[PDB]
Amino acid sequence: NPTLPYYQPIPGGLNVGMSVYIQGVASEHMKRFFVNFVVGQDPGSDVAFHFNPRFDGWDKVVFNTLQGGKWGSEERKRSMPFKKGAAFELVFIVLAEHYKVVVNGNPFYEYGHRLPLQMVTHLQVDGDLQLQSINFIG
């Protein structure tokens, strides 16, 4: 099983039609975790899409982009699709318009592209979860 933090090159880079399958388990003691779609592996690399479930405060998920080391306008959904201790299936479908986020078969969010998606080279995952597998399809 992959170890954390996980920071992996996406084969051939990100492209439309690709789906990222993440199987994991949310920690019994989960505060946060994130999945980042990252542009390169340099100090201060841009993050085209930051997906950040949070139990601090109102349980929620935060979505954003980091460009030039600055966070953009945050998007939020005040709903939590994960559960402490519970296994989950997290899927990112890459479409021309947005990343479509699906959690346990349910559509959860559509994040509109801010950085051109072909810039993304790496998937990065860290925080309060256990990773079982990550597969790239398409």
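All residue numbers are counted from 1 along the displayed sequence. Each form is matched to the other, and the largest set of C-alpha atoms that superpose within 1.5 Å is called the rigid core.
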Open item on the list: Given a rigid core fit, name the stretch, 37 to 45 or 104 to 112, whose C-alphas are on average farther from the form shown here in 4 other deposited structures of this protein.
Closed with: 37 to 45
Open item on the list: Tell me which stretch has the larger mean Cα B-factor in this entry, 115 to 123 or 15 to 23.
Closed with: 15 to 23
Open item on the list: Mean Cα B factor from the PDB record: higher for 73 to 81, or higher for 44 to 52?
Closed with: 73 to 81
TODO: Grab the CA temperature factor for residue 29 from the record and place it in the lowest, middle or highest third of its chain.
DONE: highest
TODO: Rank-wise, by C-alpha B-factor, drop residue 106 into the lowest, middle or highest third of its chain.
DONE: highest
